[PDB]
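> dropping in the first section of the assembly, placed as in the complex:
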Amino acid sequence: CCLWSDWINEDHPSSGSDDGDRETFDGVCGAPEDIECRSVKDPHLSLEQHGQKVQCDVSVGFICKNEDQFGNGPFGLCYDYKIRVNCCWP
């Protein structure tokens, strides 16, 4: 019993106050096995085909910072991301 979770889009670039986009897995699971890191409005692109610089690991979750996206495109904003987590149940 190691079913995947749902998609969690609980933050936005044009809202919030964390100056970017951060998606964490609290309220669902404690220590995951795997994490999937995709975008909302075009979900087949990898993280290397967006060109933005993020970190998305099983330890803390997802982090995008708007200050890191300076000089990359002409807009300088995070895209809208969403995540799954994989957790095993007895």
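Nice, I can see it. Residues are numbered from 1 along each chain as shown, chains lettered A, B, ... in the order given.
> what about the strands in chain A?
Counting by DSSP state E, chain A has strands at residues A:20-23, A:34-39, A:55-57, A:61-65, A:81-86.
> will you turn those strands into a markdown table that also has distance to residue A:7 and mean neighbour count?
C-beta coordinates here come from the backbone N, C-alpha and C atoms, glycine included. Listed next are the strands of chain A as a markdown table, based on distance: least, Cβ to Cβ, whole Å; neighbours: other Cβ atoms under 10 Å:
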| stretch | distance to residue A:7 | mean neighbour count |
| --- | --- | --- |
| strand A:20-23 | 10 | 22 |
| strand A:34-39 | 8 | 16 |
| strand A:55-57 | 14 | 14 |
| strand A:61-65 | 12 | 20 |
| strand A:81-86 | 5 | 20 |
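> now distance to residue A:3 too, for the ones you listed, in TSV please.
Shown next, in TSV, are these (distance: least, Cβ to Cβ, whole Å):
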stretch	distance to residue A:3
strand A:20-23	19
strand A:34-39	12
strand A:55-57	20
strand A:61-65	19
strand A:81-86	8
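> right, so of the ones you listed, which gets closest to residue A:1?
strand A:81-86 (11.3 Å; Cβ to Cβ).
> centroid residue for chain A?
Taking Cα atoms, centre = their mean, the centroid of chain A lies closest to residue A:62, which sits 4.2 Å from it.
> check the gap between that residue and residue A:42 for me.
Using Cβ to Cβ, to the nearest Å, we find residue A:62 at a distance of 17 Å from residue A:42.
> likewise residue A:73?
Look at residue A:73 and residue A:42: by Cβ to Cβ, they are 15 Å apart.
> repeat that for residue A:76.
19 Å.
> likewise residue A:87?
Following Cβ to Cβ, the distance that separates residue A:87 from residue A:42 is 27 Å.
> also, this goes in as chain B:
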Amino acid sequence: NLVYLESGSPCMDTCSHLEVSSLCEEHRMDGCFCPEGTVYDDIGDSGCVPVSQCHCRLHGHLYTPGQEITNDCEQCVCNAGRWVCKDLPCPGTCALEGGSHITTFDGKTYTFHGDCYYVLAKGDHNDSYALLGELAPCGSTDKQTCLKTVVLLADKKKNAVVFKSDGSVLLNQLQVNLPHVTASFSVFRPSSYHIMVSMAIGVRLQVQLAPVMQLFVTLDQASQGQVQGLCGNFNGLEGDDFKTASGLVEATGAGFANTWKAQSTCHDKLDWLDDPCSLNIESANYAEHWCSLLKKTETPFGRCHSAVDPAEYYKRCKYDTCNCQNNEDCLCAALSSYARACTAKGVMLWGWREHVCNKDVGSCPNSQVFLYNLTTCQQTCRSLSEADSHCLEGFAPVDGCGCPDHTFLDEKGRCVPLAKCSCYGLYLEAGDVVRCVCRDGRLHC
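Following on from the chains above, chain B is added here:
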């Protein structure tokens, strides 16, 4: 001493809000009140104190009734709850920043974008002085203008002094060597990107040369209501600064300022109801990232947020950055004008050039370093020979290459310490005997 009563009015005079009961739309009930006189202490914490014991307040401190204070242009004493203020003499400053941002003597900031010589300030009597200034296009379009030449017509308008935008001060079409001290005015150059001009009439000039050319003019308050130009008339009101020299107040800045052309063959200019950060998409992200440092508090600009309120410098910083063709010279000029107008109110920004505009900090020579408080009277030992002739107090400190707290400047090159400085006649070395042995600064004569 809040005594309890029945049937008394809830509208109490409270030692800051006096005379409440004249606007009292309530009936009376019971509760704890004041006696017949003896208004309630609001500012402190006591009860129904007498009226002539009301402690004043001024952004915090609980001033006792009688403690004076020295404010901006006035001094005030705490009377019974209210301040009694009395005026002190204080000057006024017209500024011409960017290519086109005029700030008059009475506030009133406006944008013009001209192409002519313009009368910036002139004395009204028949002669006294006249300060001109060229505001011509420097970039590609007509909306990319720059200051290029400052012309001063002083000493009954028979002496013309010209400040070109490469140094090159020239009197009556002839180059001069700086310093140049005369009977009626004097021109200094303390930091090679800064020229300081003082006049005996009451006019002081500061010409900035890098990154872009800018101008700062200072008048005494004796000349109040006695000047005309693009700097207004300096009378306290800013509604009549757009009043032309033929009657009536104009509406827009470019309609007022076409009446002060110094040449008749100049065309008339008009306003521009656009913003440059929409016409250029590549410049508007660079403008947002770097001019936002005036508003965030992690930087060394949040120290000035208690005094200067950067919300109007931020709007001009985005304006000039998106508009001009060399975007970093307009960024660093607009960041050095917030730091300039913050040192005018005490708070000096030591070291704001470490992440943003430090392309000239480390380029100082071998002995002298980059300073933020360079002034005229930190000069060589030749200035110590006069020591009361040319010091010219009343200006503002500027930032350039200079020597530390000791080791004054020699005749050329590095700055040696005080013992073997010079003996200034020609500046002799530290081995000459007249009977005056050459010594540290002073001479044994």
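> now the residue nearest to the centre of chain A: closest residue in space, sequence neighbours ignored.
residue A:23 (4.3 Å; Cβ to Cβ, 6 or more residues apart in numbering or on different chains).
> what number of residues lie near the residue in chain A that chain B sits nearest to?
Minimum separation of chain A from chain B (Cβ to the nearest Cβ) falls at residue A:76, amounting to 5.1 Å. Using other Cβ atoms under 10 Å in any protein chain shown, residue A:76 has 17 neighbouring residues.
> now for residue B:268: which residues touch it?
Contacts here follow Cβ atoms under 8 Å, 6 or more residues apart in numbering or on different chains; on that basis residue B:268 touches residue B:258.
> show me what counts as buried in the helix or strand where residue B:333 lies.
Assigned by DSSP states H and E, residue B:333 belongs to helix B:327-343. Buried residues in helix B:327-343, counting neighbours by 16 or more other Cβ atoms under 10 Å in any protein chain shown, are found at B:327, B:329-343.
> of all those residues, which two lie farthest apart?
Spatially, the most separated pair among these is B:327 and B:343, at 25.2 Å (Cβ to Cβ).
> secondary structure class for residue B:259?
The three-state assignment at residue B:259 reads helix, by DSSP: H, G, I helix; E, B strand; the rest coil.
> from residue A:54, how far out is the residue nearest to residue A:52 when sequence neighbours are not counted?
Excluding the flanking residues, the one nearest residue A:52 by Cβ to Cβ, 6+ apart is residue A:69, at 5.6 Å. For residue A:69, the distance to residue A:54 equals 10 Å [Cβ to Cβ].
> what residues does chain A have near chain B?
Taking Cβ under 8 Å from any Cβ of the partner chain as the measure of proximity, chain A contacts chain B at A:70, A:74, A:75, A:76.
> chain C next, sequence below:
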Amino acid sequence: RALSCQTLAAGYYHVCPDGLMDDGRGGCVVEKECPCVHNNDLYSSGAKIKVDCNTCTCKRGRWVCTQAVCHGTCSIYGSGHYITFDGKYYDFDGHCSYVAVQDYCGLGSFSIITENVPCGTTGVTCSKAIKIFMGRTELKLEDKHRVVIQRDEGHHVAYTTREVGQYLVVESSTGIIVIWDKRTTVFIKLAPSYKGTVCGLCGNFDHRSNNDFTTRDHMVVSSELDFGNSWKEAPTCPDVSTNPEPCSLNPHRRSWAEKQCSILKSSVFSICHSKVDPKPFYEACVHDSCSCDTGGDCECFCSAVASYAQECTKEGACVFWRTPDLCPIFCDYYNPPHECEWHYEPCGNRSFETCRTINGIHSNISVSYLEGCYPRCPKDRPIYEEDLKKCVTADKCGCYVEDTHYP
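Take a look at chain C, now in place beside the chains above:
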């Protein structure tokens, strides 16, 4: 030496012959017959213009104007925007009751109070009630109507309330005039007998604007937030510690606001661009539309565009800016069923006979620039009785005693 009739007072520092000089119109003109320029228009000699109460004359290339003292105007409009009697613009978003004007300034005869409540979620506030204290009479402007509170026994300072266009206009016999668009915009006018004898958030009306930030304890401060926090009425009201930024707290409402409010800087208002500066009215409209985020934002918009078009009429430029898609107005609601008398007059300029002015009764200012729906009464009853919005015969209108219409 080439003079130009515009560079007369410049000085000629750095074609027409000697004698004659250019006029900016055409050929060379003598100095006596030189024209005049005012707001990008060119007026020949002996021309007459008015400036708000006065009359000027182009004499010899200069203006010769009469010296009378006009009424002074304070403004309160939108999400916390002010203009003082001496013409100083500032922003203050306070949530309490504030002194707008009074003459209980350090004993007094009037007081005007504004009640500012939060309109939105961003922390900006707008004005929703006006209380007028005249002697012992208390009016109150609230819920699109005027209410009389505490009419005194035999003094009863003579005031008058009538409706002119879309606004409600209170006038007093002592010189105090309040004009109210029934939502958030207020105009206070004082007769020139009140020079230097008032205080509040509207300044002190002494033709000198570097002392309008005098606090309640008679101290001139430099902050908008130390001045405005000192004119609150209750001591337990909080202090405003910063001004909000609505288009930064609502990033999704910025694109609509800056596109709708760009009518002001467009070719529709291009007759007024040389007579009124549109730039502080563009910035007020964008500040107002990013912050009406709880409901009804097309009312916050149409008021900000009618604050600019009112100045344009007042300066001599009638602009017709409303369409059926942009801020429509419904003036044939008031018609008797299909007899068409109520027309939308976009700039007010019509002087018809009411049943006050047929009996000599006239006002002390000119309110003929106020936008709204105006009657055009027929020729069998050409007298407009105002308190019922009916055209009547000159005999059967009413009584008008103690500010009440009696048929």
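> the buried residues of helix B:327-343 with chain C there, same question as before?
By neighbour count on 16+ other Cβ under 10 Å, the buried set for helix B:327-343 is B:327, B:329-343.
> note down every partner strand of the next helix or strand after it and its orientation.
Sequence-wise, the next helix or strand downstream of helix B:327-343 (DSSP H and E) is strand B:369-370. Using DSSP bridges, strand B:369-370 pairs in its sheet with strand B:401-402 (antiparallel).
> for the strand it pairs with, the distance to its chain's centre please.
How far strand B:401-402 lies from its chain's middle: 22 Å, per Cα atoms, centre = their mean, to the nearest Å.
> gap between residue C:278 and residue C:284?
10 Å.
> what of residue C:299?
Residue C:299 is 15 Å from residue C:284, by Cβ to Cβ.
> those two - which one has more neighbours?
Higher neighbour count among residue C:299 and residue C:284: residue C:284, with 23 against 14, using other Cβ under 10 Å.
> show me the contacts for the more buried one.
C:77, C:78, C:81, C:304, C:307.
> and residue C:353, by the same measure?
Applying Cβ under 8 Å, 6+ apart to residue C:353 gives the contacts C:382, C:383, C:384.
> give me the buried subset of those.
C:383, C:384.
> and the contacts of residue C:353, which is closest to chain B?
Using Cβ to the nearest Cβ, the contacts of residue C:353 come closest to chain B at residue C:384, 35.3 Å.
> would that closest one count as being in a strand?
Yes. Counting by three-state DSSP, residue C:384 is found in a strand.
> surely it is in contact with residue C:357?
No. Between residue C:384 and residue C:357 there is no contact under Cβ atoms under 8 Å: 9.7 Å.
> how close does the residue in chain A positioned nearest to chain C get to residue C:124?
Evaluated by Cβ to the nearest Cβ, chain A has residue A:14 as its residue closest to chain C, separated by 4.9 Å. Distance of residue A:14 to residue C:124, computed by Cβ to Cβ: 20 Å.
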